[PDB]
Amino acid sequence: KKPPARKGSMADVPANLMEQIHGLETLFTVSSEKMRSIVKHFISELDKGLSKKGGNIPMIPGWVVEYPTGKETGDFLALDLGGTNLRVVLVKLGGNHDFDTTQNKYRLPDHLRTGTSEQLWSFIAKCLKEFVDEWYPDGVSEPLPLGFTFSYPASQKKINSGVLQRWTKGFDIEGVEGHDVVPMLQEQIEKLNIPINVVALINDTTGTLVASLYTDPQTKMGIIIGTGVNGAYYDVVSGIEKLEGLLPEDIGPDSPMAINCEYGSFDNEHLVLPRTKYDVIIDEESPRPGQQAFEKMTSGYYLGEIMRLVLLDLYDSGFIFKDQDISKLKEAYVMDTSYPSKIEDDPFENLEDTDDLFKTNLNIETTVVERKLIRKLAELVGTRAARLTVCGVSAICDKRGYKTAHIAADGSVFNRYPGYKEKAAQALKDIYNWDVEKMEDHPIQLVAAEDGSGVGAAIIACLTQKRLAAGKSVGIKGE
């Protein structure tokens, strides 16, 4: 039994502060009408991204050109390469929308993030060899098809290729950007005579879509709502004008095509996104000003920072923390996502969880009325983030004409942000005006995803291998 929401009476809050809360409410509220307008623009930009001219939204073809039917069977590998860890996963598809996993994880030695190309790929291969040797001590009938989640910006002219465009997350390995990483990993596999074929390179959201669709046939989208944000869905080849002239005959106009949207870049021009002066500051102070605008409005990573800047603004205008030492509130990113999470979770009318948090982490003694403001603020910023995120869901559903859908979701915000599911479901209900009483009955609803970067990569490897074995294309002509 988790506690009921606190009542959260505002009766005792001073007028001077109540006016400021009201100011922040008006500022952070996203109306049904504003959401539906954002969605309209979002749809144009999803289409723009697929067009020969392209757009701000990458809309990257994932080269998965069929839906998993759930009937697939067999043993497939996945490799998930993170910044600190890699996971090797063996997936046996049971052919009734079911699967079994056997998996290892290996911590990436600090060295590798800045070492040589051969060192990165030999370490990966050595992990693969240790894994395969244990699970297949007799060796193997046919090699194992492997799907490789390489979640770094890469371009693909076909699924079994991935040309690194730019390392992220502290990786500084020379000689890899501009090159196809698939042969790099494959030749280290070969050097160790490990029976594996690397057949697919994917982004993890694409894996999220496909794995969840294999187990849940109502899945129409995979979404990540966490430190970064992304969505993936199936479009149709006839709707991807930028592939016109590039496709072999066996990838026809009505072929499905999984798209990795990379929609974190939606509305960098801020035509529709409701930027406050706080989002302005967060943007101008970020590594990349003017970029990742939709990411900056929906990601878990900025939610405490938004609160921080708001609280500082109220301190400077003389509203709160009067005669407190707030020199810790001045540090950028000192309030991470656990701040509005802990604040929203507070079950006490006197908000004692919040009291402790602000006293112990930030050395600020709050009055009860200041806490009621902090909590109101936490709610508004959690709530707006969820409301903006479902604008992406709604754009993809509307573009494709999905009147019902399971949206398979993952990431730290969906999984752990307090009341996030309730917020998202209410936002969808507001957009569509459904006459439905309970969230479990929403025509469009977010559900917990399957493991995109392990299970999804292995199912993609299954789908891919079947095409490669038949000589069906998984990329543009000639590649």
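Note that the rigid core is defined as the largest set of C-alphas that superpose within 1.5 Å between two forms. Residue positions are given as counts along the sequence shown, with the first one as 1.
For 408-416 versus 46-54, the mean Cα distance to the shown form in 8 other deposited structures of this protein after rigid core alignment is larger for 46-54. In 8 other deposited structures of this protein, superposed on the rigid core, the segment with the larger root-mean-square CA displacement between 211-219 and 112-120 is 112-120. Between 2-10 and 469-477, the higher mean Cα B-factor belongs to 2-10. Comparing 459-467 with 18-26, the stretch with the higher mean C-alpha B-factor in the PDB entry is 18-26. Highest C-alpha temperature factor among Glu440, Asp451, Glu33, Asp430, as the PDB entry reports it: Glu440. Of the candidates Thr114, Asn203, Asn197, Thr383, the deposited coordinates give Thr114 the top C-alpha B factor. The PDB entry assigns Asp325 a C-alpha temperature factor belonging to the highest third of its chain's modelled residues. Among the modelled residues of its chain, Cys127 has a C-alpha B-factor that falls in the middle third according to the deposited record.
Per-chain ranking of the deposited C-alpha B factor places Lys220 in the lowest third.
The deposited CA B-factor of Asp80 belongs to the lowest third of values across its chain. Annotation for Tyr417: C-alpha temperature factor in the middle third relative to the rest of the modelled chain, per the entry.
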